[PDB]
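Engineer: Got a structure for you, my_file.cif, holding mmCIF, N, CA and C atoms.
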data_input
#
loop_
_atom_site.label_atom_id
_atom_site.label_comp_id
_atom_site.auth_asym_id
_atom_site.auth_seq_id
_atom_site.Cartn_x
_atom_site.Cartn_y
_atom_site.Cartn_z
N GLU A 6 25.79 28.53 -56.58
CA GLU A 6 26.75 29.35 -55.85
C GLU A 6 26.04 30.54 -55.21
N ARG A 7 25.37 31.33 -56.03
CA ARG A 7 24.38 32.25 -55.51
C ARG A 7 23.23 31.35 -55.11
N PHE A 8 23.45 30.06 -55.40
CA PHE A 8 22.42 29.05 -55.38
C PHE A 8 21.90 28.74 -53.99
N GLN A 9 22.82 28.66 -53.04
CA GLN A 9 22.43 28.20 -51.72
C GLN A 9 21.49 29.21 -51.05
N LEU A 10 21.58 30.47 -51.45
CA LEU A 10 20.61 31.46 -50.99
C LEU A 10 19.25 31.09 -51.57
N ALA A 11 19.29 30.56 -52.79
CA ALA A 11 18.08 30.19 -53.51
C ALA A 11 17.40 28.98 -52.89
N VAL A 12 18.04 27.82 -52.94
CA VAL A 12 17.38 26.60 -52.49
C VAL A 12 16.95 26.73 -51.03
N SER A 13 17.65 27.58 -50.27
CA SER A 13 17.37 27.76 -48.84
C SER A 13 16.10 28.55 -48.52
N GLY A 14 16.04 29.81 -48.97
CA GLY A 14 14.95 30.72 -48.68
C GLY A 14 13.57 30.40 -49.26
N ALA A 15 13.52 29.45 -50.20
CA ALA A 15 12.26 28.92 -50.73
C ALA A 15 11.67 27.83 -49.85
N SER A 16 12.44 27.41 -48.85
CA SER A 16 12.10 26.27 -48.01
C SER A 16 12.21 25.03 -48.87
N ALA A 17 13.30 24.93 -49.61
CA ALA A 17 13.52 23.78 -50.47
C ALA A 17 14.52 22.82 -49.83
N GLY A 18 14.45 21.54 -50.22
CA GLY A 18 15.45 20.56 -49.83
C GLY A 18 16.35 20.17 -50.99
N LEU A 19 17.65 20.22 -50.75
CA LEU A 19 18.64 19.89 -51.77
C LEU A 19 18.90 18.39 -51.79
N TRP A 20 19.07 17.82 -52.97
CA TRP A 20 19.47 16.42 -53.10
C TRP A 20 20.60 16.21 -54.13
N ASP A 21 21.47 15.24 -53.87
CA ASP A 21 22.61 14.95 -54.75
C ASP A 21 22.74 13.45 -54.90
N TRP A 22 22.48 12.94 -56.10
CA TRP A 22 22.24 11.53 -56.30
C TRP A 22 23.20 10.84 -57.27
N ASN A 23 23.70 9.67 -56.87
CA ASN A 23 24.59 8.89 -57.71
C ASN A 23 23.77 7.81 -58.39
N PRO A 24 23.69 7.88 -59.72
CA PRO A 24 22.82 6.99 -60.49
C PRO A 24 23.25 5.52 -60.47
N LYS A 25 24.53 5.22 -60.38
CA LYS A 25 24.93 3.83 -60.43
C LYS A 25 24.70 3.16 -59.06
N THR A 26 25.06 3.87 -57.99
CA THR A 26 25.02 3.32 -56.64
C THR A 26 23.66 3.47 -55.93
N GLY A 27 22.88 4.49 -56.31
CA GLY A 27 21.61 4.78 -55.65
C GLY A 27 21.75 5.71 -54.46
N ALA A 28 22.99 5.92 -54.03
CA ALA A 28 23.30 6.79 -52.91
C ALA A 28 22.81 8.24 -53.11
N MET A 29 22.29 8.83 -52.04
CA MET A 29 21.73 10.15 -52.12
C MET A 29 22.12 10.97 -50.90
N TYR A 30 22.68 12.16 -51.12
CA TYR A 30 22.85 13.15 -50.06
C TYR A 30 21.59 13.99 -49.93
N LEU A 31 21.22 14.29 -48.69
CA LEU A 31 20.01 15.04 -48.38
C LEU A 31 20.33 16.24 -47.48
N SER A 32 19.82 17.41 -47.85
CA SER A 32 20.02 18.56 -47.01
C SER A 32 19.13 18.41 -45.78
N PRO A 33 19.47 19.13 -44.70
CA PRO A 33 18.58 19.10 -43.53
C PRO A 33 17.14 19.40 -43.92
N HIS A 34 16.88 20.41 -44.76
CA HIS A 34 15.49 20.70 -45.13
C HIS A 34 14.81 19.62 -46.01
N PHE A 35 15.60 18.90 -46.79
CA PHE A 35 15.06 17.75 -47.48
C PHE A 35 14.53 16.79 -46.42
N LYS A 36 15.36 16.47 -45.44
CA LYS A 36 14.91 15.55 -44.39
C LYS A 36 13.63 16.06 -43.74
N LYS A 37 13.58 17.36 -43.51
CA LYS A 37 12.42 17.90 -42.85
C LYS A 37 11.18 17.70 -43.70
N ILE A 38 11.25 18.06 -44.98
CA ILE A 38 10.11 17.92 -45.88
C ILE A 38 9.55 16.50 -45.91
N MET A 39 10.40 15.49 -45.69
CA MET A 39 9.94 14.10 -45.57
C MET A 39 9.31 13.84 -44.18
N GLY A 40 9.38 14.85 -43.32
CA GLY A 40 8.83 14.80 -41.98
C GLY A 40 9.84 14.38 -40.93
N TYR A 41 11.13 14.38 -41.28
CA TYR A 41 12.18 13.86 -40.40
C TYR A 41 13.12 14.93 -39.89
N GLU A 42 13.41 14.92 -38.60
CA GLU A 42 14.45 15.80 -38.06
C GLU A 42 15.82 15.38 -38.60
N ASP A 43 16.75 16.33 -38.60
CA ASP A 43 18.09 16.14 -39.17
C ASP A 43 18.74 14.84 -38.69
N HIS A 44 18.58 14.54 -37.41
CA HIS A 44 19.20 13.36 -36.81
C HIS A 44 18.41 12.07 -36.99
N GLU A 45 17.18 12.16 -37.49
CA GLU A 45 16.35 10.97 -37.69
C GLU A 45 16.61 10.25 -39.02
N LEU A 46 17.61 10.71 -39.75
CA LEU A 46 18.06 10.09 -40.98
C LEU A 46 19.46 10.62 -41.24
N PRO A 47 20.38 9.76 -41.73
CA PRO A 47 21.78 10.11 -42.04
C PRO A 47 21.93 11.06 -43.24
N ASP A 48 22.98 11.86 -43.31
CA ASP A 48 23.13 12.75 -44.45
C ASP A 48 23.14 11.99 -45.83
N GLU A 49 23.11 10.65 -45.82
CA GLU A 49 23.20 9.83 -47.06
C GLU A 49 22.47 8.47 -47.04
N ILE A 50 21.51 8.26 -47.94
CA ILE A 50 20.75 7.00 -48.01
C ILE A 50 20.86 6.27 -49.37
N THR A 51 20.92 4.94 -49.33
CA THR A 51 21.39 4.14 -50.47
C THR A 51 20.46 2.98 -50.79
N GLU A 55 11.66 4.23 -51.12
CA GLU A 55 10.45 3.44 -51.39
C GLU A 55 9.12 4.20 -51.21
N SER A 56 9.19 5.49 -50.87
CA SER A 56 8.03 6.20 -50.34
C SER A 56 7.03 6.79 -51.34
N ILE A 57 7.34 6.71 -52.63
CA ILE A 57 6.46 7.27 -53.65
C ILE A 57 5.06 6.65 -53.60
N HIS A 58 4.04 7.47 -53.85
CA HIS A 58 2.66 7.00 -53.86
C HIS A 58 2.49 6.01 -55.01
N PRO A 59 1.82 4.87 -54.77
CA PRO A 59 1.59 3.88 -55.84
C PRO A 59 1.07 4.46 -57.15
N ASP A 60 0.20 5.47 -57.13
CA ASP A 60 -0.33 6.03 -58.38
C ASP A 60 0.67 6.85 -59.21
N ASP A 61 1.70 7.39 -58.56
CA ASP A 61 2.68 8.24 -59.23
C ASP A 61 3.96 7.51 -59.64
N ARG A 62 4.18 6.34 -59.06
CA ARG A 62 5.41 5.57 -59.21
C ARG A 62 5.85 5.44 -60.66
N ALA A 63 4.95 5.00 -61.53
CA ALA A 63 5.31 4.78 -62.92
C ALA A 63 5.65 6.10 -63.60
N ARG A 64 4.81 7.11 -63.39
CA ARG A 64 5.02 8.40 -64.02
C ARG A 64 6.39 8.97 -63.65
N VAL A 65 6.72 8.90 -62.36
CA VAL A 65 7.99 9.45 -61.86
C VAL A 65 9.19 8.70 -62.41
N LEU A 66 9.18 7.37 -62.31
CA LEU A 66 10.30 6.57 -62.79
C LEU A 66 10.49 6.81 -64.28
N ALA A 67 9.40 6.90 -65.02
CA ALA A 67 9.49 7.15 -66.44
C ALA A 67 10.15 8.50 -66.74
N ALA A 68 9.80 9.54 -65.98
CA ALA A 68 10.37 10.86 -66.23
C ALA A 68 11.86 10.86 -65.92
N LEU A 69 12.26 10.12 -64.89
CA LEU A 69 13.69 9.99 -64.56
C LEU A 69 14.45 9.33 -65.71
N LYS A 70 13.84 8.30 -66.30
CA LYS A 70 14.37 7.65 -67.50
C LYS A 70 14.46 8.61 -68.69
N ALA A 71 13.39 9.34 -68.97
CA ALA A 71 13.41 10.30 -70.05
C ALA A 71 14.56 11.30 -69.86
N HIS A 72 14.87 11.61 -68.60
CA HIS A 72 15.99 12.51 -68.29
C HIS A 72 17.33 11.82 -68.49
N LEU A 73 17.51 10.69 -67.81
CA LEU A 73 18.81 10.01 -67.84
C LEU A 73 19.16 9.46 -69.22
N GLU A 74 18.16 9.27 -70.08
CA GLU A 74 18.41 8.72 -71.40
C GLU A 74 18.26 9.70 -72.54
N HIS A 75 17.24 10.55 -72.49
CA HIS A 75 16.99 11.40 -73.64
C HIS A 75 17.39 12.81 -73.30
N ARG A 76 17.82 12.97 -72.06
CA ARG A 76 18.20 14.27 -71.52
C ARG A 76 17.00 15.17 -71.22
N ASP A 77 15.80 14.73 -71.59
CA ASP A 77 14.60 15.53 -71.38
C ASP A 77 14.58 16.08 -69.97
N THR A 78 13.95 17.25 -69.81
CA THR A 78 13.89 17.94 -68.53
C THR A 78 13.31 17.05 -67.41
N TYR A 79 13.89 17.14 -66.22
CA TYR A 79 13.32 16.50 -65.04
C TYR A 79 12.72 17.55 -64.13
N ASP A 80 11.38 17.53 -64.06
CA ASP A 80 10.59 18.46 -63.26
C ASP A 80 9.21 17.88 -63.06
N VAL A 81 9.01 17.18 -61.96
CA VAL A 81 7.76 16.47 -61.79
C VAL A 81 7.13 16.85 -60.47
N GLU A 82 5.83 16.64 -60.36
CA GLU A 82 5.17 16.75 -59.09
C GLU A 82 4.58 15.40 -58.74
N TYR A 83 4.75 15.00 -57.49
CA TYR A 83 4.22 13.71 -57.05
C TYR A 83 4.07 13.58 -55.54
N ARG A 84 3.43 12.50 -55.10
CA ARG A 84 3.18 12.28 -53.69
C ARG A 84 4.22 11.35 -53.10
N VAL A 85 4.71 11.72 -51.91
CA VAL A 85 5.60 10.90 -51.11
C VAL A 85 5.05 10.69 -49.70
N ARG A 86 5.27 9.49 -49.16
CA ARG A 86 4.86 9.15 -47.81
C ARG A 86 5.87 9.71 -46.82
N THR A 87 5.41 10.61 -45.96
CA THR A 87 6.26 11.23 -44.95
C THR A 87 6.50 10.30 -43.74
N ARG A 88 7.38 10.72 -42.84
CA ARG A 88 7.76 9.89 -41.70
C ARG A 88 6.54 9.28 -41.06
N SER A 89 5.51 10.10 -40.98
CA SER A 89 4.32 9.78 -40.23
C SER A 89 3.32 9.12 -41.13
N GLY A 90 3.81 8.49 -42.19
CA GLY A 90 2.95 7.73 -43.08
C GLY A 90 1.92 8.55 -43.82
N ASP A 91 1.94 9.87 -43.65
CA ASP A 91 1.01 10.79 -44.35
C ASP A 91 1.62 11.34 -45.66
N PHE A 92 0.81 11.44 -46.70
CA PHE A 92 1.32 11.85 -47.99
C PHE A 92 1.36 13.34 -48.14
N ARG A 93 2.44 13.84 -48.74
CA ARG A 93 2.50 15.23 -49.17
C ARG A 93 2.86 15.28 -50.66
N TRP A 94 2.53 16.37 -51.33
CA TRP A 94 2.99 16.56 -52.69
C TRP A 94 4.30 17.33 -52.66
N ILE A 95 5.24 16.90 -53.48
CA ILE A 95 6.46 17.66 -53.73
C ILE A 95 6.60 17.93 -55.23
N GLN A 96 7.22 19.06 -55.56
CA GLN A 96 7.77 19.26 -56.90
C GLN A 96 9.26 18.89 -56.83
N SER A 97 9.74 18.06 -57.76
CA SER A 97 11.16 17.67 -57.80
C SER A 97 11.75 18.07 -59.15
N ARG A 98 12.88 18.77 -59.10
CA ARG A 98 13.57 19.25 -60.29
C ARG A 98 15.06 18.96 -60.16
N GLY A 99 15.69 18.54 -61.24
CA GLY A 99 17.08 18.13 -61.16
C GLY A 99 17.74 18.00 -62.51
N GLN A 100 19.07 17.89 -62.46
CA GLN A 100 19.90 17.86 -63.64
C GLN A 100 21.01 16.86 -63.43
N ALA A 101 21.06 15.89 -64.34
CA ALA A 101 22.08 14.85 -64.33
C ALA A 101 23.37 15.32 -65.03
N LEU A 102 24.46 14.61 -64.77
CA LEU A 102 25.73 14.83 -65.45
C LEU A 102 26.13 13.51 -66.05
N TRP A 103 26.53 13.54 -67.32
CA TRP A 103 26.93 12.34 -68.07
C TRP A 103 28.39 12.38 -68.45
N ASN A 104 29.01 11.21 -68.49
CA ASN A 104 30.38 11.11 -68.98
C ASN A 104 30.36 11.10 -70.51
N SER A 105 31.51 10.94 -71.15
CA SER A 105 31.55 11.00 -72.62
C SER A 105 30.88 9.78 -73.25
N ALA A 106 30.64 8.76 -72.44
CA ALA A 106 29.93 7.57 -72.89
C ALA A 106 28.40 7.71 -72.83
N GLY A 107 27.88 8.88 -72.46
CA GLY A 107 26.45 9.07 -72.29
C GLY A 107 25.82 8.53 -70.99
N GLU A 108 26.66 8.11 -70.04
CA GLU A 108 26.20 7.49 -68.80
C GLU A 108 26.12 8.53 -67.71
N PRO A 109 25.06 8.48 -66.88
CA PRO A 109 24.98 9.41 -65.75
C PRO A 109 25.94 9.02 -64.61
N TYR A 110 26.68 9.98 -64.07
CA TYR A 110 27.46 9.72 -62.87
C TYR A 110 27.00 10.55 -61.70
N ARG A 111 26.18 11.57 -61.95
CA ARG A 111 25.70 12.42 -60.88
C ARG A 111 24.39 13.05 -61.30
N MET A 112 23.59 13.49 -60.34
CA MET A 112 22.38 14.29 -60.61
C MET A 112 22.04 15.16 -59.36
N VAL A 113 21.85 16.45 -59.57
CA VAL A 113 21.61 17.36 -58.45
C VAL A 113 20.29 18.09 -58.62
N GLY A 114 19.56 18.26 -57.53
CA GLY A 114 18.30 18.94 -57.61
C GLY A 114 17.72 19.29 -56.26
N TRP A 115 16.44 19.63 -56.28
CA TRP A 115 15.77 20.04 -55.07
C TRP A 115 14.35 19.48 -54.99
N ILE A 116 13.74 19.62 -53.84
CA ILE A 116 12.33 19.35 -53.71
C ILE A 116 11.68 20.53 -52.97
N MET A 117 10.42 20.80 -53.29
CA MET A 117 9.62 21.76 -52.53
C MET A 117 8.30 21.11 -52.17
N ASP A 118 7.76 21.43 -51.00
CA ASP A 118 6.45 20.91 -50.61
C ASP A 118 5.39 21.78 -51.23
N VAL A 119 4.63 21.22 -52.17
CA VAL A 119 3.58 21.94 -52.89
C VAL A 119 2.17 21.41 -52.56
N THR A 120 2.02 20.84 -51.37
CA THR A 120 0.78 20.18 -50.99
C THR A 120 -0.40 21.11 -51.06
N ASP A 121 -0.30 22.27 -50.42
CA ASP A 121 -1.42 23.22 -50.31
C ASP A 121 -1.92 23.75 -51.63
N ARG A 122 -1.01 24.03 -52.56
CA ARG A 122 -1.43 24.38 -53.90
C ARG A 122 -2.19 23.23 -54.54
N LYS A 123 -1.69 22.00 -54.37
CA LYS A 123 -2.32 20.84 -55.00
C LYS A 123 -3.71 20.56 -54.41
N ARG A 124 -3.87 20.87 -53.12
CA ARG A 124 -5.16 20.78 -52.42
C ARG A 124 -6.19 21.71 -53.04
N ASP A 125 -5.78 22.96 -53.27
CA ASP A 125 -6.68 23.99 -53.81
C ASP A 125 -7.00 23.79 -55.32
N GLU A 126 -6.02 23.34 -56.07
CA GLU A 126 -6.25 22.96 -57.46
C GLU A 126 -7.27 21.83 -57.57
N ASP A 127 -7.15 20.78 -56.75
CA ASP A 127 -8.13 19.71 -56.81
C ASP A 127 -9.49 20.17 -56.28
N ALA A 128 -9.49 20.94 -55.21
CA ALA A 128 -10.72 21.52 -54.71
C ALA A 128 -11.44 22.25 -55.85
N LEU A 129 -10.73 23.11 -56.59
CA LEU A 129 -11.33 23.80 -57.72
C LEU A 129 -11.80 22.80 -58.76
N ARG A 130 -10.92 21.86 -59.08
CA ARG A 130 -11.18 20.87 -60.11
C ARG A 130 -12.48 20.12 -59.81
N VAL A 131 -12.67 19.74 -58.55
CA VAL A 131 -13.89 19.03 -58.12
C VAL A 131 -15.15 19.91 -58.19
N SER A 132 -15.04 21.17 -57.75
CA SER A 132 -16.13 22.15 -57.89
C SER A 132 -16.62 22.29 -59.33
N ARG A 133 -15.68 22.37 -60.27
CA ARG A 133 -16.01 22.45 -61.70
C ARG A 133 -16.73 21.19 -62.23
N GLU A 134 -16.23 20.01 -61.86
CA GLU A 134 -16.86 18.75 -62.24
C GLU A 134 -18.31 18.73 -61.75
N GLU A 135 -18.48 18.95 -60.46
CA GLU A 135 -19.80 18.91 -59.86
C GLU A 135 -20.80 19.90 -60.48
N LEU A 136 -20.32 21.07 -60.90
CA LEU A 136 -21.19 22.07 -61.53
C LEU A 136 -21.64 21.59 -62.90
N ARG A 137 -20.76 20.90 -63.60
CA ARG A 137 -21.11 20.34 -64.89
C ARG A 137 -22.08 19.16 -64.79
N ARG A 138 -22.21 18.60 -63.59
CA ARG A 138 -23.13 17.49 -63.32
C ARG A 138 -24.53 17.97 -62.96
N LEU A 139 -24.73 19.28 -62.90
CA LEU A 139 -26.01 19.85 -62.49
C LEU A 139 -26.93 20.18 -63.67
#
Written as structure tokens, that's how I'd like the structure from this file.

Structural biologist:
Amino acid sequence: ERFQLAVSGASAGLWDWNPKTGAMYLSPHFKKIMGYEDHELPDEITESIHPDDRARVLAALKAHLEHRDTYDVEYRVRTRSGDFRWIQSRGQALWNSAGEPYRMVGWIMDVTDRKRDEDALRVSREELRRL
């Protein structure tokens, strides 16, 4: 509620997902972060994860939808232009009294540049230890 000031000014994209149907609402900035203009994708879609992250991500979604464990992951997605970016994705599901998810709401942020510099550092450290 004070929320929309939040998800907006961080340059975040909002998402609202139905677990049974697969349907997803996307904010204009979500579409943008995927590399798409507002009109280049509908406000609702019903495959882009990097092959190396796919298992990790799906597993964390399961840990959330089943064990309630926190959902907050970083991973690579293929943008409109087939180029990969890193996003952080965080969200919270809603369950009925039967323990089943009927909704999940969250956001994404583009964290590519931080991930670039972390790996750059990481590689510098490896190489120094090889000397």

Engineer: On this file, the PyMOL selection byres (((chain A and resi 28 and name CA) around 12) and name CA) gives some set of residues; write that set as a list in words.

Structural biologist: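 Selected by the PyMOL selection byres (((chain A and resi 28 and name CA) around 12) and name CA) in this file: residues 20, 21, 22, 23, 24, 25, 26, 27, 29, 30, 31, 47, 48, 49, 50, 51, 110, 111 and 112 of chain A.
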
Engineer: So, with only C-alpha atoms as the atoms that count, which of A:105, A:69, A:57, A:116 lies closest to residue 92 (chain A)?

Structural biologist: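 Of all the options, A:57 lies closest to residue 92 (chain A).
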
Engineer: Sorted by chain and rising residue number, list the residues of region 8-88 of chain A at most 10 Å from region 118-135 of chain A (counting only C-alpha atoms), each with its closest atom pair and distance in Å to one decimal, as a Markdown table.

Structural biologist:
| residue | atom | partner | partner_atom | distance |
| --- | --- | --- | --- | --- |
| A:15 | CA | A:118 | CA | 9.9 |
| A:16 | CA | A:118 | CA | 8.2 |
| A:17 | CA | A:118 | CA | 7.6 |
| A:18 | CA | A:118 | CA | 9.0 |
| A:35 | CA | A:118 | CA | 9.7 |
| A:38 | CA | A:118 | CA | 6.7 |
| A:39 | CA | A:118 | CA | 9.2 |
| A:82 | CA | A:119 | CA | 8.2 |
| A:83 | CA | A:119 | CA | 9.2 |
| A:84 | CA | A:120 | CA | 8.7 |

Engineer: Residues as selected, N, CA and C atoms, written as an mmCIF file, in the frame of the given file, can you do that?

Structural biologist:
data_model
loop_
_atom_site.group_PDB
_atom_site.id
_atom_site.type_symbol
_atom_site.label_atom_id
_atom_site.label_comp_id
_atom_site.auth_asym_id
_atom_site.auth_seq_id
_atom_site.Cartn_x
_atom_site.Cartn_y
_atom_site.Cartn_z
ATOM 1 N N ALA A 15 13.520 29.450 -50.200
ATOM 2 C CA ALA A 15 12.260 28.920 -50.730
ATOM 3 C C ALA A 15 11.670 27.830 -49.850
ATOM 4 N N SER A 16 12.440 27.410 -48.850
ATOM 5 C CA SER A 16 12.100 26.270 -48.010
ATOM 6 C C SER A 16 12.210 25.030 -48.870
ATOM 7 N N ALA A 17 13.300 24.930 -49.610
ATOM 8 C CA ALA A 17 13.520 23.780 -50.470
ATOM 9 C C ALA A 17 14.520 22.820 -49.830
ATOM 10 N N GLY A 18 14.450 21.540 -50.220
ATOM 11 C CA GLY A 18 15.450 20.560 -49.830
ATOM 12 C C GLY A 18 16.350 20.170 -50.990
ATOM 13 N N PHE A 35 15.600 18.900 -46.790
ATOM 14 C CA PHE A 35 15.060 17.750 -47.480
ATOM 15 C C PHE A 35 14.530 16.790 -46.420
ATOM 16 N N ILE A 38 11.250 18.060 -44.980
ATOM 17 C CA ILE A 38 10.110 17.920 -45.880
ATOM 18 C C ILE A 38 9.550 16.500 -45.910
ATOM 19 N N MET A 39 10.400 15.490 -45.690
ATOM 20 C CA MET A 39 9.940 14.100 -45.570
ATOM 21 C C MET A 39 9.310 13.840 -44.180
ATOM 22 N N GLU A 82 5.830 16.640 -60.360
ATOM 23 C CA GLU A 82 5.170 16.750 -59.090
ATOM 24 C C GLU A 82 4.580 15.400 -58.740
ATOM 25 N N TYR A 83 4.750 15.000 -57.490
ATOM 26 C CA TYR A 83 4.220 13.710 -57.050
ATOM 27 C C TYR A 83 4.070 13.580 -55.540
ATOM 28 N N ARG A 84 3.430 12.500 -55.100
ATOM 29 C CA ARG A 84 3.180 12.280 -53.690
ATOM 30 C C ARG A 84 4.220 11.350 -53.100
#

Engineer: Env of residue 40 (chain A): 8 Å cut, atoms = all atoms listed in the file, seq-sep filter 3 positions within chain, self excluded. Answer as number ranges by chain.

Structural biologist: A: 34-37, 43, 86-89

Engineer: By how many Å are atom C of residue 102 (chain A) and CA of residue 70 (chain A) apart?

Structural biologist: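 Atom-to-atom, atom C of residue 102 (chain A) to CA of residue 70 (chain A), that is 13.2 Å.
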
Engineer: Could region 86-98 of chain A be completed with N, CA, C and O atoms and returned as a short mmCIF file (atom, residue, chain, number, x, y, z; two decimals), keeping the file's coordinate frame?

Structural biologist:
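New file selection_8.cif:
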data_model
loop_
_atom_site.label_atom_id
_atom_site.label_comp_id
_atom_site.auth_asym_id
_atom_site.auth_seq_id
_atom_site.Cartn_x
_atom_site.Cartn_y
_atom_site.Cartn_z
N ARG A 86 5.27 9.49 -49.16
CA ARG A 86 4.86 9.15 -47.81
C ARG A 86 5.87 9.71 -46.82
O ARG A 86 7.06 9.36 -46.84
N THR A 87 5.41 10.61 -45.96
CA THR A 87 6.26 11.23 -44.95
C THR A 87 6.50 10.30 -43.74
O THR A 87 5.91 9.22 -43.65
N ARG A 88 7.38 10.72 -42.84
CA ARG A 88 7.76 9.89 -41.70
C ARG A 88 6.54 9.28 -41.06
O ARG A 88 6.54 8.12 -40.65
N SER A 89 5.51 10.10 -40.98
CA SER A 89 4.32 9.78 -40.23
C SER A 89 3.32 9.12 -41.13
O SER A 89 2.11 9.19 -40.89
N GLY A 90 3.81 8.49 -42.19
CA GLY A 90 2.95 7.73 -43.08
C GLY A 90 1.92 8.55 -43.82
O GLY A 90 1.12 7.97 -44.56
N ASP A 91 1.94 9.87 -43.65
CA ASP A 91 1.01 10.79 -44.35
C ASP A 91 1.62 11.34 -45.66
O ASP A 91 2.81 11.66 -45.72
N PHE A 92 0.81 11.44 -46.70
CA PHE A 92 1.32 11.85 -47.99
C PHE A 92 1.36 13.34 -48.14
O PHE A 92 0.45 14.04 -47.71
N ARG A 93 2.44 13.84 -48.74
CA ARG A 93 2.50 15.23 -49.17
C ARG A 93 2.86 15.28 -50.66
O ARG A 93 3.45 14.34 -51.19
N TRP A 94 2.53 16.37 -51.33
CA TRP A 94 2.99 16.56 -52.69
C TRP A 94 4.30 17.33 -52.66
O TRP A 94 4.45 18.27 -51.89
N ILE A 95 5.24 16.90 -53.48
CA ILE A 95 6.46 17.66 -53.73
C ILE A 95 6.60 17.93 -55.23
O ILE A 95 6.16 17.13 -56.06
N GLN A 96 7.22 19.06 -55.56
CA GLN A 96 7.77 19.26 -56.90
C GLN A 96 9.26 18.89 -56.83
O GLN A 96 9.96 19.34 -55.92
N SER A 97 9.74 18.06 -57.76
CA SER A 97 11.16 17.67 -57.80
C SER A 97 11.75 18.07 -59.15
O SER A 97 11.20 17.73 -60.20
N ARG A 98 12.88 18.77 -59.10
CA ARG A 98 13.57 19.25 -60.29
C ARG A 98 15.06 18.96 -60.16
O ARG A 98 15.64 19.13 -59.10
#
